[PDB]
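Notes follow the structure.
Readers should treat all values here as calculations from the given coordinates under stated rules, not as data from a laboratory. All Cβ positions, even for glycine, are placed from backbone atoms using ideal geometry, and neighbour counts span all protein chains on display.
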Amino acid sequence: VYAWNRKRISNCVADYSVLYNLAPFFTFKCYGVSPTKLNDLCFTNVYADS
Amino acid sequence: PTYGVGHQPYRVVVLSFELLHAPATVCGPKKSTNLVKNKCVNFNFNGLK
Amino acid sequence: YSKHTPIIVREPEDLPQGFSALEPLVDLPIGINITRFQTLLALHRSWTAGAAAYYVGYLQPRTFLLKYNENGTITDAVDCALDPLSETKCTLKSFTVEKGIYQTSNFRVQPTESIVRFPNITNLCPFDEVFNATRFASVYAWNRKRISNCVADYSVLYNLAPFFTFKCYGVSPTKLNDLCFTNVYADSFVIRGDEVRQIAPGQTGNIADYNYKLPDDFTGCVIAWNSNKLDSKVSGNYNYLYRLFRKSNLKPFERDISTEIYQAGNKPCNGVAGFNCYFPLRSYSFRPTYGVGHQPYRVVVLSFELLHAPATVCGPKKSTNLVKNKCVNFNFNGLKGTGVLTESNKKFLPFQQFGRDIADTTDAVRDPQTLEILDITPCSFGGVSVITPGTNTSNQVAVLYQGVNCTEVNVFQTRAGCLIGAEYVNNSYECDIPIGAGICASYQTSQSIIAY
Amino acid sequence: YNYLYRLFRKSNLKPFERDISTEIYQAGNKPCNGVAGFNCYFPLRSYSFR
Amino acid sequence: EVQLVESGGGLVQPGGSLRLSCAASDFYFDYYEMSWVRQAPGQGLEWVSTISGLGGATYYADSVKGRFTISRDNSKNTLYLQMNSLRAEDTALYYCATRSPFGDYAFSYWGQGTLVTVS
Amino acid sequence: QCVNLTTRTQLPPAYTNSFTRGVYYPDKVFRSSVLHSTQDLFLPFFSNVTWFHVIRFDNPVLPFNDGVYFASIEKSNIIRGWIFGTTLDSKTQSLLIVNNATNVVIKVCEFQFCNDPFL
Amino acid sequence: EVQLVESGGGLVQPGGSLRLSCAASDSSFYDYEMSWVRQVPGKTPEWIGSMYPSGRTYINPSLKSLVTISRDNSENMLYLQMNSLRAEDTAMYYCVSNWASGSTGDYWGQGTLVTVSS
Ligand SMILES: *[C@@H]1O[C@H](CO)[C@@H](O)[C@H](O)[C@H]1NC(C)=O
Ligand SMILES: *[C@@H]1O[C@H](CO)[C@@H](O)[C@H](O)[C@H]1NC(C)=O
Ligand SMILES: *[C@@H]1O[C@H](CO)[C@@H](O)[C@H](O)[C@H]1NC(C)=O
Ligand SMILES: *[C@@H]1O[C@H](CO)[C@@H](O)[C@H](O)[C@H]1NC(C)=O
Ligand SMILES: *[C@@H]1O[C@H](CO)[C@@H](O)[C@H](O)[C@H]1NC(C)=O
Ligand SMILES: *[C@@H]1O[C@H](CO)[C@@H](O)[C@H](O)[C@H]1NC(C)=O
């Protein structure tokens, strides 16, 4: 967390339908966009924080 | 290991989006269909619906 | 506030006929509760009281239209609620009102009652075997009666023996009979009088730790009434049993059915009950001649559970009396508002409960318990008009209630409303102040406002 | 056992007002005058901090 | 504090059976409420069942209630869950958790949880 | 100290008319040649205030609901302060004001008052 | 569904003893607490003995070392032997399995006629 990498994703085909697994989530939500139907929207630049 | 779930490391991943006046480059795995002309259709372009 | 000014002439010792502004002096850091005061005098014991006189009055929440001068001094003021002329000058934001009719405010009466009239109470919780049984239970072992879907009406418990504790922990006794829980368990037992205090969340006591252990976060109630009248046998009352010896304390809401022998020493007893080997069970001694601390008390607690299940137990309803021919607040289980409840002749259908109209508003409801169609209509309201011949002429005004029969607020009824403050003459003059429906007012002659 | 708190009141207390009146409540019609029984409760509870 | 875990999840054929017998280490359960919560992929923690500690009744769930049942011997620590006639949409993430009555519905310490899938 | 002074007869008070008096500055804002409308606690016109007169030691404890328009008219300066509070039974706080001939002594404490306060 | 209890009684026999025994039908009696309660008109509650599952018994402080209770399982019948019969013992004894801490599923018998009068 002290130096969390801001991994940028570009020129990709993101599939937001495989992240469902074990290790119970915290009710994965999307503040700003819709949680589902993300496969119909196309983004130009996104950042991932771990 | 004996501590309860009240304090356990959660692998929180924050995926921040960004949309400006630029051509998009990453969308979902939607198969692009065929384009027909001279007929009213429901276009579903990157940012056009 | 204060202001000092002398007099102009030898007054009759009354309040002068003048206007004066008051300036603030001090704003001390205070705020303690103050409701009564008293003024001190200065006795000149040469006892002589001297000569003093004050005009102590009371302040009220009012609106005032203050006139500021060019130098910032208050010169005039309007009460804004004393007379219709003051209200007219207040709503016009002036002091010299012209001749004509002016609308000041809107007349509207206020409700009187707050009836509810909720449906009947059919499903009654079983309280005949937990408050009227002969022998509830002992102390070493207690009972637990699971209650099912019903409405817990605690108002019926007034028929028990008086002077009984009703300390409800967690929940509030005032809002007690409005609570939808999922399950309620009753645990009844009989103990002494000096052990009622031990029945509490986290309190020291031998019976509170060796017989019955109440949790610290217990949110329920406890009821204990005097049982010395019927649970006191003079011929050796020993039907009750309470534990006094145990290895450790009990868990919250634990059932101690173990009857093993107690060992206060180190030698094996193996069930002898002799020297250094006592039996961890002792019986009470209830006698009608003992003190209050030794009298029997039937203690019953009600543990309330809260889960995300269909709420079985709930609270009762008020269902107050219904009043007619008076604008009151109606609460017929689905609506909250004001209106006059009158008997209607509109025949409804067995499945209909509400009633609408062309204006898409409620105008008729069905009573929940006694099936009868009512007629909801708003109270009397309209517009208050003030007829003033002008401040330069006089100060007499006439009030006109638009669309009001002036029977539930000289008095003369017109087609435009009801004029109170002007007499109707049979003459016919030119129209000076238009009122409506051919009625005109004028300030003619003994000068007074007349209608014609 | 030195932190106390009220439980019920006849009406919602006005803002910025202290409720120091420790009089015993009366939720019925019979005079109580310090009995603490039915329809007569003490409107002041205590915490059980551990 | 408490070190309760889960054990029993596994691949079950449609319409089979399974025993999700969990346990615990040390906690006051004689007056607490033990429940079950499932987690479908992409959904929250839906309620499954609840066994009371002060009572012993079994508060059931929605239309799938006619196939599930829970019990407890109450010797040291356990919470069973009988699976009868599991359908397609019954696969989820069950978590043998508990709570405390006389308070808010916020559940108490959860467990590690297991997974059961049907195919 | 406080003493119990006897020989005090009871008499009904008098009344008068408040002729458009009791207007003060509501706030500290300066206005000029305007007509502002406030909603502060003022004295209603023609409120029929009391007329307690001292010729007689008649100083009764009068209620203080929201305000008191104390208008004293005299020459020998008999009024030299006021006493406030709730009950004056040495149980709660009480405000006190004393207007001496050379200064003003205002202090709020829990003094041991009595039924006959004077100077 | 069946009691099969309180079978016996006695007559006026001062200075003797009572062999009153009340059997129990074959059922799921595991945590049963058998006792004896008199039914003299005027005093309905009365405690005599106890049948705790651990085998130990409790006697009332009044009749200390006066009433002896022994467990017998040869033919499923409980025994009770007491001595020093008084004159006010005229009552109706019962063998109740659902004693105090009960009254929810409580059941009784018909009554054993036992009376003594000098
Ligand atoms: C002040 O005290 C009086 C009587 O003691 C009573 O009105 C109430 O307790 C208090 N009122 C307010 C507004 O604090
Ligand atoms: C207002 O101030 C002016 C200038 O000082 C003065 O002439 C006038 O008399 C004042 N008005 C009043 C009412 O005192
Ligand atoms: C108990 O019985 C009496 C009379 O039999 C009755 O008046 C009373 O209401 C009963 N108690 C309750 C809680 O109903
Ligand atoms: C409610 O109780 C009253 C009183 O007996 C009865 O007249 C009325 O019919 C009841 N309501 C219904 C819907 O049965
Ligand atoms: C006023 O009431 C009287 C008496 O009921 C009635 O005759 C008259 O028509 C009413 N007037 C209006 C405008 O309702
Ligand atoms: C003031 O009120 C008193 C008491 O009601 C009354 O006797 C008196 O006439 C009133 N005075 C005025 C001027 O209204």
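The table for this structure:
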quantity	calculated
Hits in region C:361-382 - residues which are farther than 30 Å from C:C418 by Cα and not hydrophobic (A, V, I, L, M, F, W, C)	C:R366, C:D367, C:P368, C:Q369, C:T370, C:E372
Those residues of region D:1-18 which are assigned to a loop (DSSP other than H, G, I, E, B) and away from chain C (no Cβ under 11 Å), in sequence order	D:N2, D:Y3, D:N12, D:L13, D:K14, D:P15
Filter result for B:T33 (within 7 Å of chain A (Cβ to nearest Cβ), over 30 Å from A:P24 (Cβ atoms) and among the hydroxyl-bearing types (S, T, Y))	no
Among residues of region E:80-117, those that are crowded, with 18+ Cβ neighbours inside 10 Å and more than 17 Å from E:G53 (Cα to Cα), counted	13
Boolean, G:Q81 is farther than 24 Å from C:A137 by Cβ and exposed (fewer than 13 other Cβ atoms within 10 Å of the Cβ)	no
So C:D187, is it acidic (D, E), closer than 30 Å to C:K317 by Cβ, under 29 Å from the mean Cα position of the chain (by Cα) and more than 16 Å from ligand 5 (Cβ to nearest atom)	no
Residue under evaluation E:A40, criteria (1) more than 23 Å from C:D217 (Cα to Cα); (2) more than 14 Å from chain A (Cβ to nearest Cβ); (3) in contact with a strand residue (DSSP E or B) (Cβ under 8 Å, 6 or more places away or on another chain), criterion not met	(2)
Any hit, region E:87-101, residues being among the β-branched types (V, I, T) and either at the interface with another protein chain (Cβ under 10 Å from one of its Cβ atoms) or not in a loop (DSSP other than H, G, I, E, B) (or both)	yes
Residue satisfying all of: in region C:119-141; facing chain G (nearest Cβ under 9 Å) and aromatic (F, W, Y); farthest from ligand 6 (Cβ to nearest atom) among these	C:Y140
Single residue of region C:51-70 satisfying the filter (surrounded by fewer than 17 Cβ atoms within 10 Å (Cβ to Cβ), of a type outside the set (A, V, I, L, M, F, W, C) and in a loop (DSSP other than H, G, I, E, B)) that is farthest from ligand 6 (Cβ to nearest atom)	C:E70
Pairs, first among the hydroxyl-bearing types (S, T, Y) in region C:108-127, second assigned to a loop (DSSP other than H, G, I, E, B), C-beta under 9 Å, six or more apart	C:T112/C:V323; C:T112/C:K326; C:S114/C:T320; C:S114/C:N331
Hits in region G:33-48 - residues which are within 12 Å of chain C (Cβ to nearest Cβ) and part of a loop (DSSP other than H, G, I, E, B)	G:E33, G:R38, G:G42, G:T44, G:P45, G:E46, G:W47, G:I48
Some residue of region C:183-191 being closer than 22 Å to C:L241 by Cα, out of contact with any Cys (no Cβ under 7 Å at 6 or more places or on another chain) and within 16 Å of ligand 3 (Cβ to nearest atom)	yes
Residues that are within 15 Å of ligand 6 (Cβ to nearest atom) and more than 7 Å from every other protein chain (Cβ to nearest Cβ), drawn from region F:47-74	F:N48
Residue in region C:142-164 that is nearest to the other protein chains (Cβ to nearest Cβ), counting only those that are within 16 Å of ligand 3 (Cβ to nearest atom) and of a type in the set (S, T, Y)	C:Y158
Residue identified as of a type in the set (V, I, T) and within 16 Å of ligand 4 (Cβ to nearest atom) among C:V130, C:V151	C:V151
Count of region G:1-32 residues which are touching a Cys at 6+ places or on another chain (Cβ under 6 Å) and not in a loop (DSSP other than H, G, I, E, B)	1
Single residue of C:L302, C:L306 found to be touching a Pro at 6+ places or on another chain (Cβ under 9 Å) and among the hydrophobic types (A, V, I, L, M, F, W, C)	C:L306
Count of residues meeting criterion [surrounded by 15 or more Cβ atoms within 10 Å (Cβ to Cβ) and either in contact with a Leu (Cβ under 6 Å, 6 or more places away or on another chain) or more than 23 Å from C:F253 (Cα to Cα) (or both)] in region E:51-66	3
Among (1) surrounded by fewer than 17 Cβ atoms within 10 Å (Cβ to Cβ); (2) of a type in the set (A, V, I, L, M); (3) in a strand (DSSP E or B) - the single one E:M34 does not satisfy	(1)
Count of residues meeting criterion [at the interface with chain C (Cβ under 7 Å from one of its Cβ atoms) and either over 20 Å from C:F95 (Cα atoms) or over 17 Å from the mean Cα position of the chain (by Cα) (or both)] in region F:22-45	14
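Results for (1) surrounded by 14 or more Cβ atoms within 10 Å (Cβ to Cβ); (2) within 28 Å of C:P162 (Cα to Cα), shown as yes or no for each residue.
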{"site": "D:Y1", "(1), (2)": "no, no"}
{"site": "D:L7", "(1), (2)": "yes, yes"}
{"site": "D:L13", "(1), (2)": "no, no"}
{"site": "D:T22", "(1), (2)": "no, yes"}
{"site": "D:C32", "(1), (2)": "yes, yes"}
{"site": "D:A36", "(1), (2)": "yes, yes"}
{"site": "D:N39", "(1), (2)": "yes, yes"}
{"site": "D:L44", "(1), (2)": "yes, yes"}
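Conditions (1) assigned to a loop (DSSP other than H, G, I, E, B); (2) at the interface with chain F (Cβ under 7 Å from one of its Cβ atoms), marked per residue:
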| site | (1), (2) |
| --- | --- |
| C:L43 | yes, yes |
| C:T48 | yes, no |
| C:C80 | yes, no |
| C:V97 | yes, no |
| C:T104 | no, no |
